[PDB]
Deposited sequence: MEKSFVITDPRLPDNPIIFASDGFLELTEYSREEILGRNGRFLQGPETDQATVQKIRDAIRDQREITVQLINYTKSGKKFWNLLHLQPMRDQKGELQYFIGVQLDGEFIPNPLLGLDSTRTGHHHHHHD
């Protein structure tokens, strides 16, 4: 698929998605128009590990890049493993301007290893 990513605006409440790539639409099965303005957690669901969610939340607060692997859901309810790479984007003034999150679909690290401390 074309590279899956979204861009959020941390200068607006709770990181709304301001851009979603064609690859993200293809991976997730959502339309662009229905994605825009959402927080990226809309892809989560019952099987998503809340400990991994908390890691993300801490990295966003700290404006620190992070990679995690977590369960996400397509619009039709299909589960997929998402290796999510989140990167803060700063402007020339050093000010946070965007986050970008790139999704790679796959159980790259087997669940039994991911689950160790």
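Visitor: Return the ranges of the deposited sequence not covered by C-alpha coordinates, sorted by sequence position.
Guide: Coordinates drop out only over 117-128.
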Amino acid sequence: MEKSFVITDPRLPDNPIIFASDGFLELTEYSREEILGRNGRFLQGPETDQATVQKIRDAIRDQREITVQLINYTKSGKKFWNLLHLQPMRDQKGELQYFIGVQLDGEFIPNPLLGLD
From here on, numbers count along this sequence of modelled residues.
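Visitor: Can you tell me which stretch has the higher mean Cα B-factor, 108-116 or 4-12?
Guide: Averaged over C-alpha atoms, the B-factors run higher in 108-116.
Visitor: As stated in the PDB record, which stretch has the larger average Cα B-factor, 49-57 or 87-95?
Guide: Averaged over C-alpha atoms, the B-factors run higher in 87-95.
Visitor: Ranking every modelled residue in this chain by its Cα temperature factor as given in the entry, which third contains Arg64?
Guide: Middle third, going by the recorded CA B-factors of the chain.
Visitor: Per the entry's values, where does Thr28 land by CA temperature factor relative to the rest of its chain, in the lowest, middle or highest third?
Guide: For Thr28, the deposited C-alpha B-factor lands in the middle third.
Visitor: Mind checking which third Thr74 falls in for C-alpha B-factor across the chain?
Guide: Middle third - that is where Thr74 ends up once the chain's C-alpha B-factors are sorted.
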